[PDB]
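**Student:** sequence unknown, structure follows:
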RNA sequence: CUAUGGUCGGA
RNA sequence: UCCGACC
RNA sequence: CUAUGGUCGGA
RNA sequence: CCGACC
Ligand SMILES: Nc1ncnc2c1ncn2[C@@H]1O[C@H](COP(=O)(O)NP(=O)(O)OP(=O)(O)O)[C@@H](O)[C@H]1O
Ligand SMILES: Nc1ncnc2c1ncn2[C@@H]1O[C@H](COP(=O)(O)NP(=O)(O)OP(=O)(O)O)[C@@H](O)[C@H]1O
Ligand SMILES: [Ca+2]
Ligand SMILES: [Ca+2]
Ligand SMILES: [Ca+2]
Ligand SMILES: [Ca+2]
Ligand SMILES: [Ca+2]
């Protein structure tokens, strides 16, 4: 224990005042947030009484407004607010809505202040909706709390000295989180799980250097409204040791290593849709997994089991899938993995089966929540995959001819790049074609979410949506530079991402869920692939794969055996199973294991049927993996072993359960070297140009062990890595960064590595060229139509000096806004801040009334907004382009659509925001209209 | 009427002798419209003209070709992008009976049509087509000059004995086919007759359109059919084979003799019978198929194609066993309709008319229903199944509509599903608009909902929507279309690889065939029903097992029948083949399970009434002797004799309608009268190829003797909207139309007819501008004078409305309402070319809405629906809750509702 | 330095 | 860029 | 007097 | 309404 660290930790959480005690949790959570955002103290006695209006509020703004009446909060702008729908569910829906759960979340960062009197600064995140899990469905979404705390074991200079200077500081923080309850919004929260959230950006509001953080989950053991011994406001006291007992059934699972049992807490936190509750007589718990016909004892169906057609149909019905899913990824009590339809089920009786490989603990499957099929994902329409940097070295190593494939793969890159550019170049010629291309290039989900095309100031947020909106109003990309600039910026970034990452697209490739052949119709080295609908490559299209060789691989891929070549055979017996890849249950070892120790529990495989990539590949036998026992030490302490220290009985289990949390939290907070070790393997293999050498194979095994550290209880310290680096590896500790990690070639001579040849010799030369050709194929800013209103007002100015003053004030105000735009808290807030000043410009009688048209609620739909936009265009079309568009792009589109319309030639349509989002381009119309001209 | 026939065609005078054919045709057409007799000013501007309008302008002293066609005719040699321009004419009987011309000629404007082998080889300019009223017509409107029939032989002689002169070229008839009953241009059967230009003013004795070489029709036919080696064939069938030359086919490639595989024997039955199992179908290379995709713009290689290669006519399928990159094609005796050397490129060019494409649901034909009941193990079960499906389907259509109307977004999707306007949109480039609203009511509903109007809350929209369903329900009453989702019409191919057994078929889809709840990419382990139209015999529908063979997996959007077995399955299907035949394939269990097969019937020999002219070309030549002159005379005689055979009236339509009427009265399709009628109608369809001669006398003999009932047979009850028969309806069609569909339709109709919280015409949002300018007018007489004038002027227009051309006249007066100072300029924007986009138009629409929503509702929406939509979109927008978009007319017509958006949003 | 790849969802 | 599950 | 069914485009 | 095709 370290005293200085402990003193700062005594009061880091926001306090709950007596006045707020009556408040519902949702209002309490939101009111505390505003007070913190505005610096006001909740317990401050200078001004506080509960407002009955808060008890019955469907908008947070109403609650926050009553507080803003006090001057204390009046100066600061309002903080991010919970969406109204989430707030309503928290107050009246019991924190759950159509499977979704409101989540109380917080992010914690270190206090810059080093004063001995809070170590951590806390921001409570707004109320948000997130898919529910088993535990939220069983004990209440209101009894759970997530925090992102900076990891005590961070080796960053950013860490405060109090933690770094005083050893034992790590233990004090772990004790602080795991020893006792934490008070917040009237509830006592106890910790029960923690997982790595990765290196994260410290909050700017509080502070700039990334620090490793940890997600710690809390459970409300008790609260003010809690009752000793169903509604969120009247929960019954319950100890963390009891929720965990309900989930893991600890009594029958004391034989497991406690660190792995702690790992299984995630299965109760997995975000899943609840489908149905099977009856006990409908569950077939297999006691033996499918085993090798050879006799090797290898399991051939790891994590995959069968399910009835009726169960699959209910999944479709509950999720509105529209087609019955051949396979699903879900959890069923202790069972985790995949479930596939039994092709032999002819009845309508519900049934599911579990396998040992699936059941992660011993479960009795009695509670309804332990017999509920929770679905996390469904096999769905397949999309084309690409190559990645990890598959290239392995592809070169197993190539029969390395030189042939290096050029062959490079061909796919140059051909795809020229084709990518050619389609855009031709489409840019006609706006109907460019719109259709832009829609194909990328926003349905945002449109459904916002019920409108989301807008940042006066233009659509998305650049693809901005281009389509402007073209829909009559703007030509070949005639308006602003539109041209967007397409240029778009392609440049898309090419930049190809330069930065060699995501070489392979059309005859896809990521498909891996399933096992329970029916034994597939022989070893034979796979079955079926597609729900036509899979289209530009040259040809497929509904199934037959009479072809395919390459199956999984990420992460390090070993030469990680990519394997197999023959695709279509078995009419497995025709119903579509959008899945079925490996054989025959053979000594499951094919999935060859793929980076893969399973059929949710794993997806990279399937390539491209011949120019498949036929140059030869298979490798699985490698002899080294024994790294000295470097990697595994804690296999069982729950029973922890229990012996305490004794026998309920109290002993309760103490043991808390001890498992404390011990596991230390193991979790321990530093992970998976990234450093994988990066080292890349550097070493680059220097040696070998992914097959003994150092590579050793490093491939170490990275393979490190990824499974939490489940396998592996303790690895910086010392063991150095010890491993100096003994098994050739006494090299710090290795040079590779040339590819660099934008421009800094190497001596022609590129030597496969990735180097592709990045600097096949991609950058082609990319630099295709851009120039596209630029040459690609136009002013000026538009005599976008300034019709300016001409109208100058003519009016000649008639009246009052008409002249309005223009003078308008022009000067527009210039002030431009100065602000040049000067300007992230980018969106700055844009809105300039936009508010833009919309501020206002007429300030008969002319003013005609200009303001105040009967219209949106002033941005009045004639004055149009004149204000036309004048801005005349003022800044050459001077500052982005200003006129980012601000008045919407009104400019109105003007163009008004000007382009010509008598007797149809009628333009003013579409409501919502109805505009629903419409989509008709490809059929585009081809036929193009045909009539051509 | 020979004297009338002397001057039928428009005359060509010396002043037009030195003229391009395209200009001559167009100028002749214009003189005819203006009735200026051709019989001396020739403008040379025409020869280099690229638009007819410019040529026509020269004729300013006293139905028009598109620009592309005229250009192609003038400088493209009459051929562009495969298309050939066509000189078509329509002939109609002259009203005057003066011994004046018998027919009146209207030369149709030059137009693009798909090319044929004959147009490609000899030039489209050498081909002329006409639609002539048939001489054998029994209609009263036939002029007495021919009605007396002292005449049929003479008119046939006029068409075939000699050449005809129209635009400087001599035209001789080579082929004729039935064009059906066609209304005379301002109903009588017409025959299409095809003419070829043997000689012309620009022709050369012993190539450019204006520099052709003289070629007789006999020679052209000799090139196509190789008559020297085809004398054995009956002349009537050889005349029939001319159609293959005139078939509209896309030219893909010319194959070299070494790449052409000719087979001396077809695939025969392995069980000795010697029946043919591959009639009309052969194999091609994956490379040949790839070029069909490349030249035709297909997004995938076709697995089977329908086309012609020389003598061969039929279907070609990719060899699943072909691993090569070399072009090859196969020919079989069944496909070849004449002996061809395959020496000329035009006779070695693969010509594709159609490709196997994505399949669609077909539904149940009325012909199929009697056969289904006749061959069902339990008839009552079959009746209850199809009937219950119809009841369920009808309820679903209505249920979807009622739920859809509740939410705008949802209703828009249904309206698009109900009717597609893409054909109209692409042609106009915009949504067609009459006055102030879209021309189509369905488009009007979408346009107004897009601006924010709700059908449930707005009366105008509700009334239109109610009318649309009323029309759809009325359409349902008139015709009983039972629709089966698990049904499709698929091209039939044969198994060249021997995988399938006798009762097995293989079907694979190019994509996902979607049924309401289930989806298919292949058919496996299911029983299917295979049938063809026309289906009359009890055996014309057969039940088979669908087995997916991976060996045939690359063949998609085709159903493969077995080569094993005594008789091919196709023959069972109304005497079918694999030459382009499409089978109705149904895998809906409830339809399939009750069916049990029937063997092919023993058909009666009706030779007494059906006689075949099996006279051969050699027999016709024997009359003329031996030699080229004898062949020329025989070829011309065949055209003349064949023209008579073809012009003979066809009784298939009357005979089929009789079988339908008698079989309905008997309620049997398996009885002796039905089998006899079925054989007669089966033979009559193949009359042209088989030389069958049938006359009213032959028909009256069959009716008097075999069929019985030589009396007018009454029409079936199902042919009428309601059930006037006695008792509950007992015929399958009558039960389904009157005892099942009508009540269900009526129940929904009563529900719609049966129906303050409801649709109201009033919208406070639409009177916004009126109230805005009232407040100004109350404090300004100057504006008030303008306001009063507009209100009264609208009143004048409202009086003018009264109640397509008329609506436009009112719209013109409505647009005329315009101002007649700073205010008037703001109201009427000069900068805007379309003043319908100005502020004044919105004010006039608002003032018109308030004044006439109660009294003259239709007047406001027809005149100002456009502006009312703008006003609605403006008023409904709320600050910071999105931005309404002003689409252009063109960009608007190119947008379609995203079905995924409608479903996802409703779930929200 | 520095501390992984991949699938998908979001605002 | 940020946020959240999954292997 | 009345004079067929089906598949595919369309204007 | 006018075109292919079986
Ligand atoms: N964060 C990650 N980064 C890279 N690879 C990962 C990551 N997470 C999972 N994988 C891959 O997926 C595998 C994880 O396997 P599982 O998630 O199936 N867990 P497993 O070890 O099988 O234990 P059970 O829960 O099944 O009893 C790893 O070995 C990696 O190959
Ligand atoms: N106008 C029509 N009305 C009804 N059925 C028709 C019609 N035209 C064609 N069919 C159908 O298609 C069949 C024609 O068969 P084909 O078009 O296959 N010709 P076919 O007699 O076999 O001789 P070939 O040219 O192949 O040597 C008819 O028997 C009908 O089943
Ligand atoms: Ca594993
Ligand atoms: Ca796994
Ligand atoms: Ca696993
Ligand atoms: Ca036939
Ligand atoms: Ca990652």
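**Tutor:** Received, thanks. Numbers count the residues shown, from 1 in each chain, chains lettered A, B, ... in the order given. Ligands and ions are numbered 1, 2, ... in the order given.
**Student:** For the residue in the stretch 101-250 of chain A positioned nearest to ligand 4, give me its contacts.
**Tutor:** Closest approach between the stretch 101-250 of chain A and ligand 4, counting by Cβ to the ion: residue A:195, at 17.0 Å. From N, CA and C alone the C-beta is placed, and that goes for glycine too. Residue A:195 makes contact with A:214-215, A:266, A:668, A:710, according to Cβ atoms under 8 Å, 6 or more residues apart in numbering or on different chains.
**Student:** rerun that using 7 Å as the cut-off
**Tutor:** A:215, A:668 (Cβ atoms under 7 Å, 6 or more residues apart in numbering or on different chains).
**Student:** Whichever strand or helix holds it: partners in the sheet, and parallel or antiparallel?
**Tutor:** Residue A:195 belongs to strand A:187-200 when assigned by DSSP states H and E. Here strand A:187-200 has these sheet partners by DSSP bridges: strand A:182-184 (antiparallel), strand A:211-223 (antiparallel).
**Student:** That one vs ligand 1: in contact?
**Tutor:** No: contact of strand A:187-200 with ligand 1 (Cβ under 6 Å from any ligand atom) is absent, the minimum separation being 9.1 Å.
**Student:** How about stretch A:582-596?
**Tutor:** Yes: judged by Cβ under 6 Å from any ligand atom, stretch A:582-596 comes into contact with ligand 1 at residue A:596.
**Student:** Can you measure across that stretch, start residue to end residue?
**Tutor:** End-to-end distance of stretch A:582-596: 17 Å, with Cα to Cα, to the nearest Å as the criterion.
**Student:** List the buried residues of it.
**Tutor:** A:582-587, A:590-596 (16 or more other Cβ atoms under 10 Å in any protein chain shown).
**Student:** What separation do you get for residue A:267 and RNA strand E?
**Tutor:** 51 Å (Cβ to the nearest atom of the strand, to the nearest Å).
**Student:** same for whichever helix or strand that residue is part of, what does it pack against?
**Tutor:** Element membership for residue A:267, per DSSP H and E: helix A:265-269. Applying 3 or more Cβ pairs under 7 Å, 6 or more residues apart in numbering or on different chains; DSSP states H and E, we find helix A:265-269 packed against helix A:134-139, strand A:187-200, helix A:240-248.
**Student:** Quick check: buried residues in that helix?
**Tutor:** A:265, A:267-269.
**Student:** And stretch A:284-296, by the same measure?
**Tutor:** Applying 16+ other Cβ under 10 Å to stretch A:284-296 flags A:285-286, A:289-290, A:292 as buried.
**Student:** And for stretch A:450-458?
**Tutor:** By neighbour count with 16+ other Cβ under 10 Å, stretch A:450-458 contains the buried residues A:450-455, A:457-458.
**Student:** if you skip the residues just before and after it, what's nearest to residue A:726?
**Tutor:** Using Cβ to Cβ, 6 or more residues apart in numbering or on different chains and skipping the chain neighbours, the partner closest in space to residue A:726 is residue A:733 (7.2 Å).
**Student:** what's around the one you found, how many residues?
**Tutor:** 10 (other Cβ atoms under 10 Å in any protein chain shown).
**Student:** hang on, it packs against residue A:724?
**Tutor:** No: at 10.5 Å, residue A:733 does not count as touching residue A:724 under the criterion of Cβ atoms under 7 Å.
**Student:** per-domain residue ranges of chain A.
**Tutor:** When chain A is parsed with automatic domain parsing, its domains come out as A:3-238, A:258-378, A:384-388+A:511-614, A:788-900.
**Student:** Please state the offset of the third one from the chain centre?
**Tutor:** This means domain A:384-388+A:511-614. From the chain centre to the centre of domain A:384-388+A:511-614 is a distance of 26 Å (Cα atoms, centre = their mean, to the nearest Å).
**Student:** ditto for the second one
**Tutor:** On the basis of Cα atoms, centre = their mean, domain A:258-378 sits 25 Å off its chain's mean C-alpha point.
**Student:** Name the residues of the stretch 751-900 of chain A found near RNA strand F, please.
**Tutor:** Residues of the stretch 751-900 of chain A lying near RNA strand F by Cβ under 7 Å from any atom of the strand: none.
**Student:** for the lengthiest helix in chain A, packing partners?
**Tutor:** In chain A, assigned by DSSP state H, the helix with the most residues is helix A:402-429. Counting contacts by 3+ Cβ pairs under 7 Å, 6+ apart, helix A:402-429 packs against helix A:391-397, helix A:431-441, helix A:764-777.
**Student:** residues in contact with the residue of the stretch 651-800 of chain A at minimum distance from RNA strand E?
**Tutor:** The stretch 651-800 of chain A approaches RNA strand E most closely through residue A:777 (30.7 Å), counting by Cβ to the nearest atom of the strand. When contacts are counted by Cβ under 7 Å, 6+ apart, residue A:777 touches residue A:425.
**Student:** one more time with 10 Å
**Tutor:** Residues in contact with residue A:777 (Cβ atoms under 10 Å, 6 or more residues apart in numbering or on different chains) are A:421-422, A:424-426, A:428-429, A:478.
**Student:** Give me the residues contacting stretch A:66-78.
**Tutor:** Under Cβ under 10 Å, 6+ apart, the answer for stretch A:66-78 is A:31, A:34-35, A:37-41, A:44, A:46-48, A:51, A:53-54, A:57, A:60-61, A:64-65, A:829, A:833.
**Student:** Would you mark the buried spots in it?
**Tutor:** For stretch A:66-78, by 16+ other Cβ under 10 Å, it's A:67-68, A:72-73.
**Student:** Format the contacts of residue A:777 as JSON lines; extra columns: neighbour count and distance to residue A:106.
**Tutor:** JSON lines is the format used below for the contacts of residue A:777 (neighbours: other Cβ atoms under 10 Å in any protein chain shown; distance: Cβ to Cβ, whole Å):
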{"residue": "A:421", "neighbour count": "20", "distance to residue A:106": "47"}
{"residue": "A:422", "neighbour count": "14", "distance to residue A:106": "51"}
{"residue": "A:424", "neighbour count": "22", "distance to residue A:106": "45"}
{"residue": "A:425", "neighbour count": "15", "distance to residue A:106": "50"}
{"residue": "A:426", "neighbour count": "13", "distance to residue A:106": "52"}
{"residue": "A:428", "neighbour count": "20", "distance to residue A:106": "48"}
{"residue": "A:429", "neighbour count": "12", "distance to residue A:106": "53"}
{"residue": "A:478", "neighbour count": "15", "distance to residue A:106": "51"}
